[PDB]
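Residue numbers (the deposited numbering), protein chains in the order written: chain L, 2 to 112; chain E, 1 to 495; chain C, 51 to 99; chain A, 51 to 99; chain K, 3 to 122; chain F, 1 to 75; chain D, 1 to 75. We put the beta carbon where it would ideally sit given N, CA and C, even for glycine.
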Amino acid sequence: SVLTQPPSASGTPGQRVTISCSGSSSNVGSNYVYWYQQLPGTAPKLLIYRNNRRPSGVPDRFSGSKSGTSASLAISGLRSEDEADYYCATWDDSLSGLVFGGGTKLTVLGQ
Amino acid sequence: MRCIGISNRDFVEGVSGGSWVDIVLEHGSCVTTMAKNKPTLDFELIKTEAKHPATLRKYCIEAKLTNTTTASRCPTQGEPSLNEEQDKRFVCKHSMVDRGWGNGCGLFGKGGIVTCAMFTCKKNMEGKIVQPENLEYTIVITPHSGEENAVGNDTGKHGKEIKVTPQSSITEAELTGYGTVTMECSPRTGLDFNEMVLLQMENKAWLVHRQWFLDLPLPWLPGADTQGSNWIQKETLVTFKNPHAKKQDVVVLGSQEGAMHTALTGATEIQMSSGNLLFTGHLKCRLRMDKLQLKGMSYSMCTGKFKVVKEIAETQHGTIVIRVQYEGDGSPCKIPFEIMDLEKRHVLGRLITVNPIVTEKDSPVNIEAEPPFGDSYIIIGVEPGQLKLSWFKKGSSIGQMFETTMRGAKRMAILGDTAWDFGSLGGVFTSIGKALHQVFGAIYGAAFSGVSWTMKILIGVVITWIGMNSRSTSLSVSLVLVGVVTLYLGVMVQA
Amino acid sequence: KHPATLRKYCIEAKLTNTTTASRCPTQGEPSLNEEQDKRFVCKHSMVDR
Amino acid sequence: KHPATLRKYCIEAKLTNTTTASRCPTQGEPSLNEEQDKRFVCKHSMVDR
Amino acid sequence: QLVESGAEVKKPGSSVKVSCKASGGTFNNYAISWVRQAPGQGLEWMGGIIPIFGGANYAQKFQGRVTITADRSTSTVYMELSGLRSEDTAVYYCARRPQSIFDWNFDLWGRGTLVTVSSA
Amino acid sequence: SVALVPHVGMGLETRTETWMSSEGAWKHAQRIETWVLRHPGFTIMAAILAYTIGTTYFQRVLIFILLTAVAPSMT
Amino acid sequence: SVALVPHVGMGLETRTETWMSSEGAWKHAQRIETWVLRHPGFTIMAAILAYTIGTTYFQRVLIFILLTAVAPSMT
Ligand SMILES: *[C@@H]1O[C@H](CO)[C@@H](O)[C@H](O)[C@H]1NC(C)=O
Ligand SMILES: *[C@@H]1O[C@H](CO)[C@@H](O)[C@H](O)[C@H]1NC(C)=O
Ligand SMILES: *[C@@H]1O[C@H](CO)[C@@H](O)[C@H](O)[C@H]1NC(C)=O
Numbered sequence: 002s003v004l005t006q007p008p009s010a011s012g013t014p015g016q017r018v019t020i021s022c023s024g025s026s027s028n029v030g031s032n033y034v035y036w037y038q039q040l041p042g043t044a045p046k047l048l049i050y051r052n053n054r055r056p057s058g059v060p061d062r063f064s065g066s067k068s069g070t071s072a073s074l075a076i077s078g079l080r081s082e083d084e085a086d087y088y089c090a091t092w093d094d095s096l097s098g099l100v101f102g103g104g105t106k107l108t109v110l111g112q
Numbered sequence: 001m002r003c004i005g006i007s008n009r010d011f012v013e014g015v016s017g018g019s020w021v022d023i024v025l026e027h028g029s030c031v032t033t034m035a036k037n038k039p040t041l042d043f044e045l046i047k048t049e050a051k052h053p054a055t056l057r058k059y060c061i062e063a064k065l066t067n068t069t070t071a072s073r074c075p076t077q078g079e080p081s082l083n084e085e086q087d088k089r090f091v092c093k094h095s096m097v098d099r100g101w102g103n104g105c106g107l108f109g110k111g112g113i114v115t116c117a118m119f120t121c122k123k124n125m126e127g128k129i130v131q132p133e134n135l136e137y138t139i140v141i142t143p144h145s146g147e148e149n150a151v152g153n154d155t156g157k158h159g160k161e162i163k164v165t166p167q168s169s170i171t172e173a174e175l176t177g178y179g180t181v182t183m184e185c186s187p188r189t190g191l192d193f194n195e196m197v198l199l200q201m202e203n204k205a206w207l208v209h210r211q212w213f214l215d216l217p218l219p220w221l222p223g224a225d226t227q228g229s230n231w232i233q234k235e236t237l238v239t240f241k242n243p244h245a246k247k248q249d250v251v252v253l254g255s256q257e258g259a260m261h262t263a264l265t266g267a268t269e270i271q272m273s274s275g276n277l278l279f280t281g282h283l284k285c286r287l288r289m290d291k292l293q294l295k296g297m298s299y300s301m302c303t304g305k306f307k308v309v310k311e312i313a314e315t316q317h318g319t320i321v322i323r324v325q326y327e328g329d330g331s332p333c334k335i336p337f338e339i340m341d342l343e344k345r346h347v348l349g350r351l352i353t354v355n356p357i358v359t360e361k362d363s364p365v366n367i368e369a370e371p372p373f374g375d376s377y378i379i380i381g382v383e384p385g386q387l388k389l390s391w392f393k394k395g396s397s398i399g400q401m402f403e404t405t406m407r408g409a410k411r412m413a414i415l416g417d418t419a420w421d422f423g424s425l426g427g428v429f430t431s432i433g434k435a436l437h438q439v440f441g442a443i444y445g446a447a448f449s450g451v452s453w454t455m456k457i458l459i460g461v462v463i464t465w466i467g468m469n470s471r472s473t474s475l476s477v478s479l480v481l482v483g484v485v486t487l488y489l490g491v492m493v494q495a
Numbered sequence: 051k052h053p054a055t056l057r058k059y060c061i062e063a064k065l066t067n068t069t070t071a072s073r074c075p076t077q078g079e080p081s082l083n084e085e086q087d088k089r090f091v092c093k094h095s096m097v098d099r
Numbered sequence: 051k052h053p054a055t056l057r058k059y060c061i062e063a064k065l066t067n068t069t070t071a072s073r074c075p076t077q078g079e080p081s082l083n084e085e086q087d088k089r090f091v092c093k094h095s096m097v098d099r
Numbered sequence: 003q004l005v006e007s008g009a010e011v012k013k014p015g016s017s018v019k020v021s022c023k024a025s026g027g028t029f030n031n032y033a034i035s036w037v038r039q040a041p042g043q044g045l046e047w048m049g050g051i052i053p054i055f056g057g058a059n060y061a062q063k064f065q066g067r068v069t070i071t072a073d074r075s076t077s078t079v080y081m082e083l084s085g086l087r088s089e090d091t092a093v094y095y096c097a098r099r100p101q102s103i104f105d106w107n108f109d110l111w112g113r114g115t116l117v118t119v120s121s122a
Numbered sequence: 001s002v003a004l005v006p007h008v009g010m011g012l013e014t015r016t017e018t019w020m021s022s023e024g025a026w027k028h029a030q031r032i033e034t035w036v037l038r039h040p041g042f043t044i045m046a047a048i049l050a051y052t053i054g055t056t057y058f059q060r061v062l063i064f065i066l067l068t069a070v071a072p073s074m075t
Numbered sequence: 001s002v003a004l005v006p007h008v009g010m011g012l013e014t015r016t017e018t019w020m021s022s023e024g025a026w027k028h029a030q031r032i033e034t035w036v037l038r039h040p041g042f043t044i045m046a047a048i049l050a051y052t053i054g055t056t057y058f059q060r061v062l063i064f065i066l067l068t069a070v071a072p073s074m075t
């Protein structure tokens with residue numbers, strides 16, 4: 002029912018990675034889905050709002066996806082900057098509140 | 001979809017042969033206009049800026065006194081003189097004290113005395129005036145499309161803001177996907193700023209009558225003065241005391257800010273800090289819909305499944321709003337929306353978001369419809385997955401007619417004869433009525449100007465009684481009608 | 051001599067700590083914690099929602 | 051489902067922290083600090099002094 | 003701009019009030035929400051408020067334990083936690099969103115106030 | 001003072017709340033009522049005078065009301 | 001306003017002159033005069049109503065005077 006995401010995600014620089022946000026029809030599929038990119042020790046930065054919409058001043062590498070009940074966030078090209086927790090937020094009608102994805106860290110390789 | 005959520009929303013249906021309609025836009029109100037083949041539009045007057053205001057008078061609401069001096073003449077020697085009696089920055093008074101050998105005269109009697117003190121202002125009201133050609137009205141036109149970015153919002157993402165002035169009173173708004181709308185406004189007959197003052201006292205401002213502002217019992221400067229020092233009615237903020245006849249003193253009369261606030265009851269407060277912003281009043285515009293077209297009439301019915309992402313919610317206007325998402329395949333498609341009976345044999349209600357269409361798949365679109373009184377069913381989609389939504393409307397048609405009549409009467413009570421231009425499409429009955437209302441309103445304003453609401457109620461009762469106890473039927477009926485209208489206006493006015 | 055104070059009126063005041071609270075339609079009155087204190091002059095009204 | 055509390059009525063209370071104030075006749079109303087706080091239920095009366 | 007109060011050290015069972023001042027335009031035209039993140043954990047929405055209107059909305063987990071208020075005179079938004087405990091140690095953010103029930107994009111965030119129950 | 005000329009019947013009222021409208025709606029009625037409470041003697045005299053001057057009950061009541069309303073107002 | 005309830009008619013006057021006796025002596029009459037000048041329409045209507053209601057010139061004149069004095073007062 003609530004938002005669920007893969008706890009961790011791996012990748013390599015210059016790759017395409019999509020993070021999945023799965024919820025119930027009460028929260029995802031009946032409301033918009035927002036994606037937030039948080040760096041360590043920094044306030045989360047709004048990444049995608051509504052559905053598949055990018056706030057002004059964000060690169061086009063980020064692309065959100067909305068399914069009937071699940072959502073995903075896709076990255077065009079991968080770098081060391083992409084390594085950060087990613088959260089999906091969506092209003093829940095039954096819970097009567099905003100529910101966050103729970104977090105998904107992108108583990109870019111190349112160390 | 002801006003008018004959804006505003007209690008003072010108005011529905012204007014139909015245009016004339018020319019595809020135009022007369023609408024009066026008020027600041028607190030929203031107008032939604034509908035024609036047989038045009039998109040539904042919402043109109044809001046969101047600003048009225050007065051620019052380049054000129055002061056015509058500064059009143060003193062708090063003064064102080066200094067440099068008090070007195071002169072006196074021993075009895076029978078005439079009135080005394082002070083050099084300061086000719087000084088305009090001084091307030092003087094002539095009285096009689098008792099003189100004698102003890103006081104130092106040598107004659108016993110009433111000896112004239114004059115005392116003067118320098119009048120200084122510490123706080124004032126600047127009553128600015130503005131030329132009627134400096135007024136600017138901002139009107140937002142938002143198409144009643146259903147796209148989520150406009151459901152009762154007070155932002156300009158989808159709404160189009162057109163600025164109207166007395167000089168450029170004809171403007172068009174380009175509504176992406178709906179053609180253009182032409183607004184032919186008459187700001188000059190809107191509020192008659194030549195008989196009004198912009199009164200700014202401290203950090204609060206009011207719009208006031210110029211005769212009322214010029215009749216205020218406070219001292220004033222012409223407004224061309226840069227140094228004060230020539231206040232006019234300085235005697236209004238001072239009091240001279242000669243208790244018994246032994247001394248003459250003069251004192252100031254304390255800050256008049258609160259008395260001014262009390263005097264300002266019935267004046268609509270405005271804003272004057274960052275420009276002269278007036279969120280009060282109305283604008284009459286003629287709306288031209290001829291170059292206005294529905295978006296997506298060349299679309300095919302969706303043939304897919306809709307889901308209601310937000311339950312149907314009723315508004316204050318007897319209409320309903322429903323937010324539905326689409327999950328079918330033909331992305332831009334007409335939404336199959338109907339309001340029928342349970343058997344789906346009759347069409348009972350009309351939708352207000354005319355021509356609902358899904359511009360994007362996972363992009364909710366929220367339709368507004370007007371369902372009938374009692375039971376009705378909102379059917380969304382086609383048979384393969386059609387959803388049928390029960391609704392019940394609590395009112396009544398007779399009650400709706402009564403409420404419509406009361407709104408009409410209240411509009412006439414607030415706009416006077418300008419209420420005959422609301423929803424007007426020409427016609428000879430409308431013109432005749434507006435002329436008759438103009439003449440009767442002239443008489444009524446002449447006979448009732450400056451009168452409070454309790455006085456209006458009393459006059460209405462008196463006139464109604466006179467009419468009822470009238471031997472002639474015509475005069476009886478006319479007086480009863482005038483008295484009842486007077487009573488209604490007194491009960492509706494804020495005076 | 052020896053006067054006693056009978057009542058002290060206020061002729062000039064200031065307002066601070068302005069707060070608002072609202073209740074959605076049909077859900078009754080809203081509540082501020084500040085309505086408990088008498089130092090606050092409160093007012094109830096209806097607002098379009 | 052999903053109810054909203056519209057009002058909470060008290061069916062049983064307790065009074066604590068009781069205090070009283072009085073002023074001499076002709077000298078106006080008495081004053082209590084507690085009357086500042088709306089948690090205290092207060093009433094005014096007259097007594098023989 | 004959205005400026006938050008400084009970090010606070012509290013003790014179990016106590017209360018902490020977090021302030022979040024905002025500009026005039028953002029105070030009267032937007033909404034402010036409070037989201038906490040326990041260290042090494044995901045964001046958790048606690049509640050929000052339309053400062054022009056008041057009457058905050060609270061998450062079910064924090065119902066009866068939090069109170070969000072707005073000071074219109076100072077254009078500041080306040081958050082108060084009662085019954086603080088170790089599990090309540092986390093950084094608290096104030097975020098700005100449109101005052102509509104459907105759109106929940108926090109396009110502007112405060113730096114975040116960290117509340118700890120241990121010694122620094 | 002300025003307070004005694006309070007910009008009421010000026011004909012500039014729109015569909016927007018005026019300044020201190022709610023209070024000023026009934027402030028004068030409250031003042032008349034408090035005055036009649038505090039000065040019962042004048043009200044009795046006004047009733048007697050209205051009865052004497054007016055022949056019909058309508059104009060007697062009208063005179064009584066006008067006298068009672070203007071008695072505190074002239075003050 | 002407090003200005004609407006002056007300390008007149010309270011029966012405490014001595015030979016000593018009062019706070020604003022000279023000022024406030026004629027201010028009400030001046031106000032009614034200014035109002036009648038500014039609103040000749042209501043004065044004419046009041047004259048017609050007073051003539052109609054009152055059977056005798058005394059009742060008519062009294063009603064007209066009271067109407068004129070009370071119209072600004074409630075105002
Ligand atoms: C007023 O008195 C001051 C001294 O208090 C003096 O300096 C000033 O010249 C006087 N101004 C006049 C009499 O206009
Ligand atoms: C009022 O606000 C000030 C901040 O300006 C604060 O210090 C004070 O505690 C507040 N008082 C009340 C009673 O809310
Ligand atoms: C009530 O009385 C108790 C016991 O003395 C005291 O601890 C408490 O502070 C009092 N409360 C108030 C509001 O006076």
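**Request:** Take the Cβ of L:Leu47 as the centre, count every other Cβ of all protein chains shown within 10 Å, and call the residue buried at 16 or more, exposed below.
**Result:** The residue in question, L:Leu47, is buried, as its Cβ has 16 or more Cβ neighbours within 10 Å.
**Chain-order list of residues whose beta-carbon lies under 7 angstroms from that of C:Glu79 (same chain, five-residue window excluded)** = Answer for C:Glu79: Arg73 and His94, listed in chain order.
**Request:** Measuring only between beta-carbons, confirm whether K:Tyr94 sits less than 7 angstroms from chain L.
**Result:** no
**Interface residues of the segment 24-39 of chain K facing chain L [CB-CB below 9 angstroms]** = Answer in chain order: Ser35, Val37 and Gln39.
**Request:** Answer with yes or no whether the minimum CB distance from L:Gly69 to chain E is below 7 angstroms.
**Result:** yes
**Request:** Per DSSP, which residues does E:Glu136 bridge with? Please list them.
**Result:** Partner residues in the beta bridge of E:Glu136, as assigned by DSSP, are E:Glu49.
**Item:** Of the residues E:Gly433, E:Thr165 and E:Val130, the one placed nearest E:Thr138, counting alpha carbons only
**Value:** E:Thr165
**Asked** When DSSP builds the beta bridges, which residues end up paired with L:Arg55?
**Response** None, per the DSSP bridge assignment.
**Range of the contiguous beta strand (DSSP E) that encloses E:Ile379** = From DSSP, the beta strand (DSSP E) with E:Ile379 extends over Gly374 to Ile380.
**Endpoints, the alpha helix (DSSP H) within which F:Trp35 is located** = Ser21 to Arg38
**Message:** Between E:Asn67 and ligand 1, is there a pair consisting of the residue's CB and a ligand heavy atom that are separated by less than 6 angstroms?
**Reply:** yes
**Request:** Mind listing the chain L neighbours of K:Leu45? Cutoff is C-beta to C-beta under 7 angstroms, in chain order.
**Result:** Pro45, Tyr88 and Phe101
**Prompt:** Do you know whose CA, among F:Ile53, F:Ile44 and F:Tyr57, lies nearest D:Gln59's CA?
**Reply:** F:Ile53
**Message:** Taking its Cβ as the centre, do 16 or more other Cβ atoms sit within 10 Å of E:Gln200, making it buried, or is it exposed?
**Reply:** buried
**Asked** Shorter than 7 angstroms from the beta carbon of C:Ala63 to some beta carbon of chain K?
**Response** no
**Ranges of the beta strand (DSSP E) found wholly within the segment 42-111 of chain E, counting only runs of at least 3** = 54-72 and 90-99
**Item:** Spatial neighbours of E:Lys234 in its chain, beta-carbon cut-off 7 angstroms, leaving aside the 5 residues before and after
**Value:** Result list for E:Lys234: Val91, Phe119 and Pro219, in chain order.
**Message:** Restricting to Cα atoms, I'd like to know which of E:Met455, E:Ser470 and E:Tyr59 is closest to E:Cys121.
**Reply:** E:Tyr59
**Asked** In three-state DSSP terms, what is residue 514 of chain E?
**Response** Nothing can be reported for residue 514 of chain E: it is not among the residues displayed for chain E, which extend from 1 to 495.
**Message:** Could you pull the DSSP bridge partners for L:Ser66 from this structure?
**Reply:** L:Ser73
**Item:** Closest residue to residue 505 of chain E among E:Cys3, E:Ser7 and E:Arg2 (Cα-Cα distance)
**Value:** Residue numbering for chain E in the displayed model covers 1 to 495; residue 505 of chain E lies beyond these limits and cannot be assessed.
**Prompt:** Considering only the beta carbon of each residue, do D:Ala69 and F:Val8 sit closer than 7 angstroms?
**Reply:** no
**Request:** Identify whether E:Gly450 lies in helix, strand or coil by the three-state DSSP scheme.
**Result:** coil
**Item:** Residues, ordered as in the chain, of the segment 86-98 of chain C that lie near chain E by beta-carbon distance below 8 angstroms
**Value:** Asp98
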